[PDB]
Amino acid sequence: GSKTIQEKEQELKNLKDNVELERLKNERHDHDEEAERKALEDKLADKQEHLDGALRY
C-alpha cells in the first residue's frame, strides 16, 4: 500500500512535527545538561537572515 500515494503526504507535512508535542510533555531528568544544549540551538535559530522565510537557507 506504501507504493500508492494514499494521501500520505497530505496526512503528514514537513511543517508539522511531533517535536512540539514532545516539548509539551514533561519528563523528570537527573541532569540539566541536555536542556542547556537545546537552549543553544534555540539561540542559533533566532539568529538568521530570515529572507523569504529563509527557505533557501
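For the structure, check the block above.
Residues numbered from 1 in each chain as written, not as in the entry; some residues may be left out. Heavy atoms only, no water.

**A look at the overall build of the protein chain**
Then comes step 1: What the protein chain contains, in helices and strands, is three helices and zero strands.
Then comes step 2: Order of helices (α) and strands (β) in the protein chain, N terminus to C terminus: α-α-α.
Then comes step 3: In terms of overall dimensions, the protein chain is more spread out than a globule: its C-alpha atoms have a radius of gyration of 17 Å, far above the 10 Å expected for 57 residues.
Then comes step 4: If one aligns the C-alpha atoms of the protein chain with their principal axes, the spans along those axes are about 45 × 35 × 15 Å.
Then comes step 5: In the protein chain, which comprises 57 residues, the share counted as buried stands at 2%.
Then comes step 6: Of the roughly 6600 Å² that the protein chain leaves accessible, carbon and sulfur atoms contribute 52%.
Then comes step 7: Each charge class in the protein chain was averaged separately, 12 positive and 17 negative side chains, and the resulting centres sit 4 Å apart. (Helix = DSSP H or I, 4+ residues; strand = E, 2+ residues; numbered from the N terminus. Rg over C-alpha atoms; globule rule 2.2 N^0.38 Å. Buried < 20%, exposed > 50% of the residue type's maximum accessible area, 1.4 Å probe, protein only. Areas by Shrake-Rupley, 256 points an atom, 1.4 Å probe, with all protein chains shown as cover. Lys, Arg positive; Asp, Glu negative; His and termini not counted. Charge placed at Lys NZ, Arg CZ, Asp CG, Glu CD.)

**Digging into the layout of surface pockets**
Then comes step 1: Each pocket or cavity is described by its volume, and for the largest pocket that value is around 300 Å³.
Then comes step 2: Around the largest pocket sit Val 19, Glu 22, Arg 23, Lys 25, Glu 27, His 29, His 31, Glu 34, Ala 35 and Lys 38, which together line it.
Then comes step 3: Looking at the lining of the largest pocket, the elements with two or more residues in it are helix 2 (19-24) and helix 3 (33-46).
Then comes step 4: Looking at side-chain class alone, the lining of the largest pocket contains two nonpolar, two polar and six charged residues. (1 Å grid on protein atoms, 1.4 Å probe; cavity = no way out; pocket = protein on both sides within 12 Å on 5 of 7 lines; lining within 4 Å. Points joined across faces, edges and corners; volume = space filled by probe spheres on them. Nonpolar A, V, L, I, M, F, W, Y, C, P; charged D, E, K, R; others polar.)

**Regarding the pattern of salt bridges**
Then comes step 1: The tally for this structure, following the rule as stated, stands at one salt bridge.
Then comes step 2: One salt bridge connects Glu 33 with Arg 37, and the closest N-O pair in it is separated by 3.1 Å. Remark: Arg 37 and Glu 33 occur in helix 3; sequence separation between them is four residues, near one turn of the helix.
Then comes step 3: According to the relative accessible area criterion, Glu 33 is partly exposed, its value standing at 36%.
Then comes step 4: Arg 37 sits in the exposed class, given a relative accessible area of 52%. (Salt bridge = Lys/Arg side-chain N within 4 Å of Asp/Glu carboxyl O.)

By themselves these figures say nothing about function.
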